[PDB]
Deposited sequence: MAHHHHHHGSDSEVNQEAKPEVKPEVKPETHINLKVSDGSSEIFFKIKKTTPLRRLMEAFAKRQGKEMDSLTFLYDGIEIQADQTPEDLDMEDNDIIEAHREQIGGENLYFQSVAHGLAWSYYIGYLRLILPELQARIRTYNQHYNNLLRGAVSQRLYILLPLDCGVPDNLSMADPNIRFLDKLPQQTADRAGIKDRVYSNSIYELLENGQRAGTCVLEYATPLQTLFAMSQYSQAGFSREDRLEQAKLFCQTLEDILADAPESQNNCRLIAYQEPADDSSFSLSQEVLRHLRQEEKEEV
């Protein structure tokens, strides 16, 4: 299926390559570039409506860009020093900073959105929500077999609303 392949590719082609190196990048930030410490783990936003905006402070003013984590580079598929950039956000609650974390959307969910827009994709809008849930479920299943990746990320699946409160609820468990 479409979402089954997308989740396997998101893991093989991305998470598997950044998650084993993430702890060291956060530790390095907290020691030399950082206010309280940035939390560990990549917080992955999984909007089931497949709406992936480019700016997070636009989705919620209580999510404020703080800094970029130091870049990871690696030779990848003929791309010498392929760069992996990730962003740190402050999470506000009633004007106070309530958490700090590395946050981003799972970009393959935007593929489901675009395929439901384009006739040639042969993918209906009526099948999109089921595919979004299957993408999240497959990703959860893969991570359950990859400890080095599972402990370095948190999956934030939601249907619409306060995005910062959704992230904070997950953050307040570690």
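- According to the record, no C-alpha positions are given for deposited positions 1-112, 147-149, 276-281, 296-300, numbered from 1.
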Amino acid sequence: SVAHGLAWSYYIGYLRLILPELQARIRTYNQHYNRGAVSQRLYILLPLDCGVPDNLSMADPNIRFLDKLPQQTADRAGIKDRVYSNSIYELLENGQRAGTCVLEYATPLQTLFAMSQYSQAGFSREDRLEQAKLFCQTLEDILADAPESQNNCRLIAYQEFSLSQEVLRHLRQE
From here on, numbers count along this sequence of modelled residues.
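Under this definition, the rigid core comprises the largest set of C-alpha atoms superposing within 1.5 Å between the forms.
- Superposition on the core shows that, in 7 other deposited structures of this protein, the C-alpha atoms drift more in one of 62-70 and 127-135; this is 127-135.
- Coverage remark for residue 107: present in the model in all other entries compared whose chains are built on both sides, leaving no third without it.
- Judged by the one-third criterion across other entries of this protein, residue 119, modelled here, is also modelled in every one of those that cover both its neighbours.
- Of the two segments examined, 149-157 and 7-15, it is 149-157 that shows the higher average Cα temperature factor in the deposited entry.
- Annotation for 69-77 versus 100-108: the higher mean temperature factor (C-alpha) is found in 69-77.
- Among 138, 119, 131, 57, the highest C-alpha B-factor in the deposited entry belongs to 57.
- Among all modelled residues in this chain, the alpha-carbon of residue 53 has a temperature factor (C-alpha) in the middle third.
- Placement of the Cα temperature factor of residue 33 within the chain: highest third of the modelled residues, per the deposited record.
- For residue 143, the recorded CA temperature factor ranks within the middle third of the chain's modelled residues.
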